[PDB]
Structures are given as C-alpha cells and as structure tokens.
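Residues per chain are reported as follows:
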Amino acid sequence: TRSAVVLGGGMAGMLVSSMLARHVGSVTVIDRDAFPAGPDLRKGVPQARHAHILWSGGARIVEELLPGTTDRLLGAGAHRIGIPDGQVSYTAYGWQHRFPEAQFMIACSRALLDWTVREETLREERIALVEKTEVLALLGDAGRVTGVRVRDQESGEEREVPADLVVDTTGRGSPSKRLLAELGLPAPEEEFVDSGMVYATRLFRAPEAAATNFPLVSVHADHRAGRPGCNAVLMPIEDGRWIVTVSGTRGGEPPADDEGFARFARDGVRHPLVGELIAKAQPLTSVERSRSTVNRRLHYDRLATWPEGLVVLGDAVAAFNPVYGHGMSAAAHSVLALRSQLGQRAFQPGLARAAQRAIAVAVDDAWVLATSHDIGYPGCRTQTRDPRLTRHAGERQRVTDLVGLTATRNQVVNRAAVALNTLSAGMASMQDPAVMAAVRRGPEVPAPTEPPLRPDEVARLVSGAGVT
Ligand SMILES: Cc1cc2nc3c(=O)[nH]c(=O)nc-3n(C[C@H](O)[C@H](O)[C@H](O)COP(=O)(O)OP(=O)(O)OC[C@H]3O[C@@H](n4cnc5c(N)ncnc54)[C@H](O)[C@@H]3O)c2cc1C
Ligand SMILES: [Cl-]
C-alpha cells in the first residue's frame, strides 16, 4: 500500500528510496540523467571528479540503510582509513599527533561509491529508476502534493506519476524553488556562506607498494589567519590510484593548468607535503575544477504553509563547502530523520512538515561546522540570520580554537573532536564534563615538528628496482 516518488537518483535519492521501500508498496525514482551499468562518471554527478571523504558517521548510516555496503566498498578496493591513526594532517593548529583510532573514513572514487549504493538499492524490485526523464511540475496544490508530471526525453511525451509522498533529492541544482512557486507557496528563506572556494583535482598512479595502507594526507588552511584559505588533500582510492584535490578561497584559488597544479600543492598551501608526495607518483588525468562550494541552506521547514506529502532532502535543502567532507553524511542523517518520522506518524496530516523539521535538525551540525569556519575568510559573501554566525564571535571562536588546538595533542579531546567532525556525535557532546576536563589537562604529547609519517609508509614510495 502507498506509493512514493523520489526526484533525483543520486546519493540521497538512492538512500531514501531503499528506506522508503520498507514503508511503502512502490518507489519510483525520476532522474534526467542517463545511468552507467558500471562505476563510471556521469553528467548528473559532476562532483564525482573530486575527492570524496565518507566519514564514519555517514558510513554507519549507509550501512544501516543498505546492509553490506561498507564491506562491498572495501571488497572492491576502497580503503578504510582510521582517524587520526591513518591520517597525516597539518591542521590550522599544527600537525595532528597520530593517536590510535577513534573514528574512520571510507576512501574511494565517488563513481564506485555511487555504483555500489545504486546497484544494492535497485536489487529491491519495488524500486524503479526512471532515467532520462524531466520533472515538469508537482501535482496537487499547496495543501497536498499528489505526484509529479514528467516528460520522457526520448519520446517527448508527458505523463503524471501519482504518489502519496514526493521526496525531492535533486541535489544542489534542485528546481525545488520553481516547483514550489508553481504550487503557489512562498519562497523559503535562503541562507548562504560563500567563501569563493575553487577546487582543482588530478588523479595519480602512486608507487605500486603504496597502493594499499597509505594514509589520508591533508594540509589545511588556518581559518583564523587573515589570508585566503588554501588546502591540499591526497586520498587513496581503488585500483592503486591517488586522488589529489587542492583548493583555495577568493584570492588564493588554485590555477587550472597541469604545470601549476604541483606548484600550488607545494607552495600555495601552508606545508608542501602533498606537493612532495605527488612528485613520487604519476599523473593520470588533467586538472578538473569545481566552484560548487557555497554553503547554501533553504529553510523549507520554516515556511508558513507546507504541503502534505512533500519532503526535500540532501543537497536540495542543505549543501556545504566540500572541504569539510560532510554532504553525503548529512544526506544519510536526513534519510534517518525521515525514517524516524515515518515510524512515528506513518502517513497522516503532519508527516511531511514533521519530517522537514527533523531534516533541518539533522543537517544542522554539518552546517555549523562548515559555516563557522568559512565565514571569516577575506571577501566572504554571506546571507544569514543565524545568531551563531552573526553574534558573539569572540566567545564562539575561543571555544572552537581551544578544542581544535588541544585535539592535536590530547587523545581524549581528539576522540571527542573526531566524533563530532565525522558526524558520529552531536554538537552537545563537546560540553560533556569529561571532554572539557581533558581540554584543561592539555597536551600529553609533544607537537610534531615534521609530518608524522611512518617509516614503513615512506619506504613504499620507491620500488627499489634500479638496485642490484
Ligand atoms: C567538489 C565536491 C566535493 C565533495 N566532496 C565531498 C566529500 O568529501 N564528502 C561528502 O560527504 N560529500 C562531498 N561532496 C558532497 C556530495 O557530493 C553531495 O552532498 C551529495 O552528492 C548530495 O547528494 P544528492 O543526492 O542530494 O545530490 P546528487 O548526488 O548531486 O544527485 C542529484 C541527482 O538529481 C539529478 N537531478 C539534478 N537536477 C535534476 C532535475 N532538474 N531534474 C531531474 N533530475 C535532476 C541528478 O542527475 C542526480 O542524479 C562534494 C561535493 C562537491 C561538489
Ligand atoms: Cl562539481
């Protein structure tokens, strides 16, 4: 009984459809793109050309929604990288000491992650992916949405797809504002924090022996310094490759050319380690760029009127600067928020509004982590009424910087700081008395004076071939 229509078959659309099929009789996923039969790039997910970190908070939710996914990713060559034990990270506060594992991330190409999630989701035959199809309008009215009107791209024919619940997961470029304006609803409040961040990415073929058990390497901006924020990230992916993404805010954007890429990885960021490591490897692709880095949130949950049977989730409701690595985990938390409301309220007057409010809560930690750190860069453009961003800046930063600095050299503080940043714990966890006592305990290890690489990791950067 009941039917759902999901707009967009990306990460959020697949996750939400796997969940919905356990509550409704049929799910139809509408997408304007064409989908490959294997782990390939596609036009509707251009961001798959750039490094994607799947933090443990999102990975555990993906695993709850689609059992076997984590093992299938690792089984296809994805890397499980412990945090902080498997990371070499020059934070705004200095090198992170590589304490024993507190959290983890999954490292692979976004194309492999998407294919793995999609192929497992679509094993449920009550979910159908309808590709190469445009979304024309929401059916119904401002009181209740009853499906969507679509157009087949190849035939040009239009048809109505009925639904008891419509979930818009069409991503950062979602036409939700247009779809909702055509229903007669008022425009939602738009909040943005735009640092002007530009990404530049190349793929590399690293030394054959490093192809496994190599750390995630990251060189971070100092968000407190009054200069453009620049970063460099080297992440292992499947089949012996490294994806390297460099970035910079307004005034420090990376260049677009292959020859300027390595120079930026050495000299454009605060420490040259990523540039030094790519000199061991072999480039495989020319530079790809992205400007899809604005933190943008649409406050659909605060609209004065909201239709029954309509929910918006994923990048269509809240999209983040990708340097923080939260978007896929925020989408996963949002699918769980909808699932919780479905289990409490089933499908009665109020489900959609309750879910929309719960989704706003679910994305809020990722929103704060990104915006609080982007708002200070020179030339940042903002539109917000969030008092966490507009008021009490001195106090807010005092708490943030104290935890961040102490986390580099204190295992208990790092465990708490890692749990929040991977979206494995909520923001309130940081005010637990044990966390703030450890903060006051202070450092337990010296600050590293050099990148904390292990000898056994650096040894695998060379082959030894030219030696008898
Ligand atoms: C450069 C970059 C790097 C990132 N790095 C990370 C990272 O390290 N970690 C992380 O967790 N997240 C990262 N993200 C964010 C992550 O890619 C997104 O949060 C995630 O893909 C959101 O999923 P979604 O389903 O909402 O949208 P998408 O995955 O973008 O999927 C949207 C789907 O809707 C379809 N669609 C779009 N418009 C329409 C339309 N008008 N009609 C019909 N169908 C439509 C598209 O074809 C697509 O299939 C990064 C993003 C970028 C841009
Ligand atoms: Cl992109």
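Residues numbered from 1 in each chain as written, not as in the entry; some residues may be left out. Chains lettered and ligands numbered in written order. Heavy atoms only, no water. Residues with missing side-chain atoms left out of burial classes, pairs and counts.

X-ray crystallography is the method the PDB entry lists for this structure, together with a resolution of 1.510 Å.

Engineer: Would you take a moment to explain the packing of helix α1 (residues 11–20) against helix α8 (residues 327–345) for this structure?
Structural biologist: A packed helix pair is summarised by two numbers, namely the angle formed by the two axes and the spacing between the axes. Direction vectors running N to C along α1 and α8 enclose 25°, while the axes themselves pass 9 Å from each other. One finds that α1 runs roughly parallel with respect to α8. Crossing hand, α1 versus α8: right-handed. Note on element contacts: α8 touches α1 through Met328, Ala331, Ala332, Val335, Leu338, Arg339 and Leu342, opposite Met11, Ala12, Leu15, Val16, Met19 and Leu20. (Axes fitted to C-alpha atoms, helices over the stretch in contact; angles between N-to-C directions. Helix = DSSP H or I, 4+ residues; strand = E, 2+ residues; numbered from the N terminus. Parallel < 35°, antiparallel > 145°, perpendicular 65-115°, else oblique. Left-handed = near helix turned anticlockwise from the far one by under 90°. Contact = heavy atoms within 4.5 Å.)

Engineer: What am I meant to see in the site of ligand 1 here?
Structural biologist: The immediate surroundings of ligand 1 are formed by 30 residues, with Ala12, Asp31, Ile53, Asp315 and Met328 found nearest. At a separation of 2.8 Å, an oxygen atom of ligand 1 approaches a polar backbone atom of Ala12. Notes on ligand 1: free accessible area 1,000 Å², of which the protein chains cover 95%. Within the residue set of the shell around ligand 1, elements represented by two or more residues are α1 and α8. For the shell around ligand 1, the leading source of residues is α1, giving three residues. (Near = heavy atom within 4 Å. Polar contact = N/O pair within 3.5 Å; in protein donor to acceptor, adjacent residues only side chain to side chain. Areas by Shrake-Rupley, 256 points an atom, 1.4 Å probe, with all protein chains shown as cover.)

Engineer: For this particular structure, what's the right way to read the sheet that holds strand β20 (residues 295–298)?
Structural biologist: In a beta sheet, neighbouring strands pair by backbone hydrogen bonds and run either parallel or antiparallel. The four strands lie next to each other as β22-β20-β13-β23, forming an open sheet whose pairing is antiparallel. Only two strands of the sheet have a single partner each, and these edge strands are β22 (318–319) and β23 (381–383). Along the sheet, helix α10 (residues 364–374) makes contact with β13 (190–194), β20 and β22, crossing β20 at roughly 140°. (Pairing = 2+ DSSP bridges.)

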